[PDB]
Amino acid sequence: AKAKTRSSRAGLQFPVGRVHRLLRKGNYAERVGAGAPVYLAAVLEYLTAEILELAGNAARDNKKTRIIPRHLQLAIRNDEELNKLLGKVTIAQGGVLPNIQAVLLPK
Amino acid sequence: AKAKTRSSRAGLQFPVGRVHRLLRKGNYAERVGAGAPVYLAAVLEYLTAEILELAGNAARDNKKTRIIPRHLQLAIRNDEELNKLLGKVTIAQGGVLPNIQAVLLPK
Amino acid sequence: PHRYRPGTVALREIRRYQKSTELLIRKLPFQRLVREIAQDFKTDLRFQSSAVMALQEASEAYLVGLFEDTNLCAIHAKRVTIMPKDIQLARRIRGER
Amino acid sequence: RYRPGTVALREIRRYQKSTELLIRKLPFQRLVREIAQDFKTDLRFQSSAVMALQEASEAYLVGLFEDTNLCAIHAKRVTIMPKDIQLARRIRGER
Amino acid sequence: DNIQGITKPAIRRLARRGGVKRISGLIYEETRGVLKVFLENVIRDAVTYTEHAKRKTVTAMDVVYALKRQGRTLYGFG
Amino acid sequence: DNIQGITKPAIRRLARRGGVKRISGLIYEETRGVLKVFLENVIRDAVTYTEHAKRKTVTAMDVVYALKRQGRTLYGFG
Amino acid sequence: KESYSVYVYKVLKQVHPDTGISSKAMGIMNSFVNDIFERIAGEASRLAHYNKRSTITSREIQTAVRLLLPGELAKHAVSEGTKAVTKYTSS
Amino acid sequence: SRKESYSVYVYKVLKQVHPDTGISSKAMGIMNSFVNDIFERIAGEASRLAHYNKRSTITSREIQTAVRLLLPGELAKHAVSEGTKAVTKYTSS
Amino acid sequence: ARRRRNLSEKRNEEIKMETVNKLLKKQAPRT
Amino acid sequence: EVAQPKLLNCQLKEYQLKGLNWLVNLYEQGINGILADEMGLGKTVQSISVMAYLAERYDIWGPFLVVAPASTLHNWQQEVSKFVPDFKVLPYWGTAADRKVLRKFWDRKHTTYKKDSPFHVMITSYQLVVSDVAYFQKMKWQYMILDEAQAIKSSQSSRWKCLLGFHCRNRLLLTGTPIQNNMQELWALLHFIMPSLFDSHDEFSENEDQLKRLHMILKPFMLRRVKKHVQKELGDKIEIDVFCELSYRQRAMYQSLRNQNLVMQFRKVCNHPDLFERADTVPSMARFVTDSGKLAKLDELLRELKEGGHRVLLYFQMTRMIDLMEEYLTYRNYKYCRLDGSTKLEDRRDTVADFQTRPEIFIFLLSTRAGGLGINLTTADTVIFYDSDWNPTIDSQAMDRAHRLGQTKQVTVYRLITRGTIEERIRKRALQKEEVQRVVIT
DNA sequence: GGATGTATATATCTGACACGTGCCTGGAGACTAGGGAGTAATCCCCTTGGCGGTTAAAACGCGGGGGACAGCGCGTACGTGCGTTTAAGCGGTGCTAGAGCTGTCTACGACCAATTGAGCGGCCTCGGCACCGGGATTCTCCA
DNA sequence: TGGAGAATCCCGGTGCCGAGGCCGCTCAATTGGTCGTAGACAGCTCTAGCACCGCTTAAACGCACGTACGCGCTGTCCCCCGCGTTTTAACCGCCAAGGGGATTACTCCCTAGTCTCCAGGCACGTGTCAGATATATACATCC
Ligand SMILES: Nc1ncnc2c1ncn2[C@@H]1O[C@H](COP(=O)(O)OP(=O)(O)O)[C@@H](O)[C@H]1O
């Protein structure tokens, strides 16, 4: 019988089988649900999409064709909710959001 | 042939067997070395002693025979190395180390 | 006749309350506040007793630590009085906002 | 040219636009090998490991300066001074 | 309402334990907002653990686990 | 004496990225002390992982772990 | 040695069909996904343990997302989760 | 029924360091909490160390590297010593 | 020791010289 | 005066031999200089012969550097391999991954090479001499030829600023059109030759007497020669101007623009309407041919030449007009080849060989700037310039690609001019400039 | 009447992606076992609520005092720019330590069954502590 | 310095409740055995990191200078502290209902486990094309 990737059965560009391997072998529990990897893979795909959508936008606002680490930084630190999720994270080659205190600026 | 607790077999007050049970049921990994629980039990006993020695001293310095939470709190915040181990920890019923900032004191 | 000068009584207070273990918010009104927040999230929530005691230990421990930080922000600005701008600085440096 | 101060704010609008590493590579590397050899003699490093340390190290210092800046401004100064570093560290919890 | 159940005298005391000599007058309303925003975050997590266990009763353990999801670890209740 | 290899120019650039307009002169010797204390802590951990794996070479991965041990997660290197 | 590279590119070609993504930015995405997997599977792990249960089901994942992701991001993720598991079960 | 806890063992340690001293239930509750917390951390660290080396077993060596990572300074030295001693005695016996 | 190290130089030299020549052959000579 | 180099695998003609004598005397005096022979007298084999003479007498077996334009590199590789076959000749072109590997020939320690050494002559483009100057600056070049040297006429160019700082003994310029534009460009060549003497913009600036002045002043630094005195065996260029009148479509667009900065837009209309906007509401090929006066008049002329058994070099200034022209040649079912500056440097070799090897091919389409330099096309007979260049040296360079040595048929130059339009203005100015250049040499 | 900026071309090169062959290892399908989680019935404990009472503390009202604040002078530190000096960055050659992979086999830890004593629940109990009244001693404050 | 006087600590006597000891008993820790794979080990290839050399040229350094910030000092006036009195609701000790969590049994379906098979994805080549830098020329503009 022709094999149909679990991914395709659940419409998920993310690889549901690999997620099931890593949950099973990585000692998170004794037994893993068949529904576990499908749900978790849906959530990874959704977060991946969100960051790339915001970074894509920042690329085109800078008039450039290719996403780079500077744009991932600019994406992640604009969104209130993603910044709360990645507050501890340093992104290599990302640089800083432009920021001057209004006290420093000219009178 | 007569039983010898693994604890006695290894000169320790903390329970080597129970530690081997928890390392097995805690999904910390697939196979759990034999000496692992013996070494882990030795360190738990050491840290337990270190705190209770300090607490005993704090209790005697306040003329009382029973350790209470407030004595643990004093003991733990008065030693730099224990404080660096437990900085994020709150102890219930602990209170605060007595510290008034010197510029607040009267002229 | 007698009055202590402004501040002596406050330092009496610092010694006394820095030397007590007891909980500083009154129990019954704190308990009542915790259910007012809980009833937004799920209706008819029975609380254990020790759960509200644990919330109160955490709540007092958080604020008493916040005042320590706040006080350093004041003293650095060459004031002795803490003011709302001090609290907001402390929270921002600790990353909460 | 520029009124007194406009030049500092131009420095700001420069270095916030760039993404480059701000410490010089070889001096950084020598500091890392000096510190390392206390813990173990004959430690070989991978290029990428020293670059990791430098990215993290600059990220840490830059972030300390933002927190230091807020301490100054709160004291109605524009100048950061050692007291401001020390205050930020204690609040953040690096005592 | 209930947030005003945290009395001005109460805050004054808390502050004293943190060794503050002179307290403003606008501190009090700010402190209440701070304490509510803390409690809302902890309670949401505690109630979320309670509902996953299909209990109706928030236990001490739910709270203790809620707090360890915030870098604030409480010793002496479970 | 390699810590003085972190030049005054450089500390000043870092400050500028952090949006500082004017810097005291005493800032330079504090900033050096700060940087060394942070690197000592991370390198000690990285070498601790390296020796555990019975390597002699400190890899990128050791360092990235050593930083996630301390709540400083470095995205970009394995 | 494996990476989630392939899949990130597929998501990108679907959300922004003209764009590409540099080698170093792809390395950042591979870092991000490994990080979040660990966080969610760790919370699921602990939830199971706290409840004396031996399987990480899909219910354990959903409570772990509700705990990790802040605010509206959570709502959207749990919706996406639920949709997909429904579709898979319907096969 | 049968919840289980380390209070028994804490009493013995206290009796060896301070023969006349005792301990309130609340203080013992704190001690019971402390011990779980530290087991958790040292086991978790040892877990991840094994994973990063692509190994299946948590041996004594891993618990050593974990003590050396969590504990600061002189604490660490003095603990890694107690550990060596104990495992040496067991291997002997 | 010495034999393997000596052989490495010959093995390197052979490939280096051939790959050097191949590139001149890549450009000048028609391909 | 000097004997022919014994390593040289071909006989020098009398004027070539005298040229080698001049260059040898320059080297032994320590003076740098310009061989300025009119195009196709054989500067190359004279240049090569100095490398031979140095390698014989003073045992200076390299390293020697030829810098040349891209079209021309393959020519030099062949010429050196043919005329002095003992020399070992190293390309320095191609991708960065290639060029790294080639640097592994260079010996940085022996300052003067000998016969056993890895390479004797290196051939590289102007373009790589600029991009890779960082690496070149380490070498100790023993003799250096810049070929097609008006490449360096602009003193403000990065190229001049780079090549001035190449560490080397004797330099030779080759350029068959030394005199170009204003006297500042003549300064630039002179300074590149001898910096100490020609150190100042202003002093070189310091009128019939000034012109007579200059002729003597240049006599120690330049040798100029012209075809009619030595190539008497090859007849002069027959030059035939052809006029064309704008098509109705052209006329409409030109009036539209004139009613509506527009210099280059006028030049486009005169080439072909379709260089603005092509066509389809259906567009016929017959309309395409008829819609441009030039192309229409060209169609007559091509058909005649085909019937007669001639072969054509056809030059353009605009690259999109090469694209359009291929379509008309495709439809008229003529076999053609194409070479322009966008063409990869491998294919250059192949294409030129093809047109010189297999006379089925009727037309070579060439860009004027890429095609004008280096390539040798003796098998052609007819040159057509579809559009006028502002600079007369560039067209000169171009038509001399048909009028080399070893040409045996009467070279015929056609040139098409669109009457009453910018084309005329341009050819007018180019002829003024050619009179000035010709006077200054004269 | 000249020095320069602007606009539009060609000529080239370098690095990003699209496609390609190849090959291989892990994901898919399919078949069985047995134990975890799901079901309901039970039960006792601990939470929610009402009551009546005491009294600690919160709530309100005043002075007045000393701190937050605004302003000013002034003085020395910090920024600047010009000129010089030194090391960083490049790119090389070149050696070899050691990371990373393969193939063995042995020794060790998962798994089972039988035993038995450690440690839990529960019950009894008496001594450490809280608190209270009193006195003696210590800190503030103002004349 | 000197009394005043409110507060604090220390002494002492009561009494109460929870720390601490001892009794059954059940279940998990110990003993002795099997066995099968993890990983310690020996050996190998070859990546890549450590040394060391010369050159350009940029940033690092040093100095002379000046002006703007920091900050020490004063006058004002608001607002917090300290205290007193009234008011109110928290705390206590108690009785009760009853819901809801912890438990015991029991059954069934889900997931681990093994096997067979093949296509997804990883590594390495390559080629081709849009973007970036030079450079040429006219002409308008600014000087
Ligand atoms: N003795 C000779 N034998 C063969 N070809 C010769 C000889 N002398 C001159 N030539 C020709 O001289 C031509 C080169 O002319 P030259 O002016 O040097 O070229 P360019 O104008 O491109 O610099 C070649 O086509 C070559 O065939």
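Along Cα-to-Cβ, 7 Å out, sits the label point; list in nm, shortest first, how far the one on E:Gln4 is from those in the other copies.
For E:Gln4, the inter-copy label distances come out at 6.5 nm.
Based on the Cβ-Cβ distance from C:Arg26 to A:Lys107, what FRET efficiency comes out when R0 is 45 Å, to the nearest 0.05?
0.35
In nanometres, what is the gap between the two model label sites at J:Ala286 and F:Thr57, each 7 Å from Cα along Cα-to-Cβ?
Simple spin-label model gives 7.5 nm for this pair.
Restricting attention to the stretch J:23-82, which trypsin sites (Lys or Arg not before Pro) occupy a DSSP loop and are surrounded by at most 16 other Cβ atoms within 10 Å? It would help to have the intermediate numbers written out before the result.
Values: sites: J:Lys43, J:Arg57, J:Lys82; in loops: none.
Here no trypsin sites (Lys or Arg not before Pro) fit, given the DSSP loop and packing criteria.
In nm, one decimal, shortest first: how far is the label point of B:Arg60 (7 Å from Cα along Cα to beta carbon) from the matching points in the other copies?
Nearest to farthest, the other copies are at 7.5 nm.
Of the cross-linked pairs D:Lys25/G:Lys1; B:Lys107/E:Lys21; D:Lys25/F:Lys8; C:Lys85/G:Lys75; C:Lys85/E:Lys68, which ones have a Cα-Cα span greater than 23 Å in the structure shown?
D:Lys25/G:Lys1; C:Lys85/G:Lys75; C:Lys85/E:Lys68
Measuring nothing but label to label, 7 Å from Cα along Cα→Cβ, what are B:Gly11's distances to the other copies in nm, shortest first?
6.9
In whole Å, what is the distance between the alpha-carbon centres of the stretch J:3-52 and the stretch J:204-253?
Value for the Cα centre distance between the two parts: 24 Å.
Select from chain D those chymotrypsin sites (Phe, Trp or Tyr not before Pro) which occupy a DSSP coil region and have at most 10 other Cβ atoms within 10 Å, ordered by residue number.
Passing both the DSSP loop test and the Cβ count: D:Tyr2.
Let me check against my output: what whole-number percent is the relative contact order of the stretch J:1-136, with C-alpha pairs under 8 Å and at least 6 apart? Walk me through the numbers on the way to the answer.
Working: 148 pairs, mean separation 38.2, N = 136.
Contact order relative to length: 28 percent.
Would you mind telling me which residue in F:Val64, F:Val37, F:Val20 has the biggest mean-square fluctuation in a Gaussian network model of chain F, where springs connect alpha carbons within a distance under 10 angstrom?
Of the options given, F:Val20 has the highest mean-square fluctuation.
Taking 8 Å as the Cα distance limit and 6 or more residues as the minimum spacing, I'd like the relative contact order of chain F as a percentage.
Values: 40 pairs, mean separation 16.3, N = 78.
RCO, chain F: 21 percent.
Identify which of E:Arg13, E:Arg22, E:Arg55 has the largest mean-square fluctuation in a Gaussian network model of chain E, with springs joining Cα atoms closer than 10 Å.
Greatest mean-square fluctuation among the candidates belongs to E:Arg22.
If the only charges are +1 at each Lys and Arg Cβ and -1 at each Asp and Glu Cβ, what is the size of the charge dipole of the stretch F:1-77 around the Cα centre, to the nearest 20 debye?
On the way: 16 positive and 7 negative charges, 81 e Å.
Computed charge dipole of the stretch F:1-77: roughly 400 debye.
Please compute the modelled spin-label separation between H:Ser25 and D:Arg92, points set 7 Å along Cα→Cβ, answer in nm with one decimal.
4.5
To the nearest Å, what is the center-to-center distance of the stretch E:7-22 and the stretch B:1-63, using C-alpha atoms only?
That distance is 42 Å.
Can you pull the one-decimal nm distance between simple spin-label points at C:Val9 and A:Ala34, each 7 Å off the Cα toward Cβ?
7.4
Evaluate the relative contact order of chain C (contact order divided by residue number), counting alpha-carbon pairs under 8 angstrom at least 6 apart; express in whole percent.
Once normalised by length, the contact order is 18 percent.
Counting other C-beta atoms within 10 Å, and keeping those with at most 11, which DSSP coil trypsin sites (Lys or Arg not before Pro) do you find in the stretch H:15-59?
Answer in residue order: H:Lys54.
Round to the nearest 0.05 the FRET efficiency obtained for J:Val226 and J:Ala252 when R0 = 60 Å and r is the Cβ-Cβ distance.
Rounded to the nearest 0.05, the efficiency is 0.80.
Hey, got the dipole for the stretch D:21-95? About the Cα centre, +1 on K and R Cβ, -1 on D and E Cβ, debye to the nearest 20? All intermediate terms of the calculation are to be shown ahead of the outcome.
Working: 13 positive and 9 negative charges, 41 e Å.
Value, rounded to 20: 200 debye.
Two decimals is fine: what is log10 I(q)/I(0) at q = 0.12, 0.19 Å⁻¹ for chain C, from a Debye sum with one equal scatterer on every Cα and no solvent?
Log10 I(q)/I(0), no solvent term: -0.60, -1.07.
Got a sec? Charge dipole of the stretch J:86-139, +1 on Cβ for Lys and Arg, -1 for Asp and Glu; which of J:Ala96, J:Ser125, J:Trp106 is way out at the positive end?
J:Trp106
Between exposed GluC sites (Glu not before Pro) in chain D, where DSSP calls loop and at most 13 other Cβ atoms lie within 10 Å, what's the longest gap?
D:21-93
Rounded to the nearest 0.05, what FRET efficiency do G:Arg59 and H:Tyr11 give with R0 = 45 Å and r taken as the Cβ-Cβ distance? Could you check?
Here the calculated transfer efficiency is 0.65.
Per residue of the stretch J:2-10, in order, report the coupling 6.51 cos²θ - 1.76 cosθ + 1.60 (Karplus, θ = phi - 60°) as ³J(HN,Hα) in whole Hz, putting x for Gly and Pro.
Here the 3J(HN,Hα) series is 10, 6, 5, x, 5, 6, 6, 9, 8 Hz.
Out of the DSSP beta bridges found with both residues in the protein assembly as shown, what percent are antiparallel (nearest 5)? Please list the in-between numbers first.
Values: 0 of 69 bridges.
So the antiparallel bridges amount to about 0 percent of the total.
Quick one: angle between helix H:60-70 and the longest Cα principal axis of chain H, in degrees between 0 and 90, rounded to 10, please.
Between helix and principal axis, roughly 70 degrees.
Report, as an integer, the average count of C-beta atoms from other chains found within 10 Å of each Cβ along G:67-78.
Across the residues of G:67-78, the mean count of other-chain Cβ atoms within 10 Å is 5.
Just so you know, all these numbers are worked out from the coordinates, no wet-lab data involved. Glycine gets a Cβ as well: all are built from the backbone with ideal geometry, and neighbour counts include every protein chain shown.
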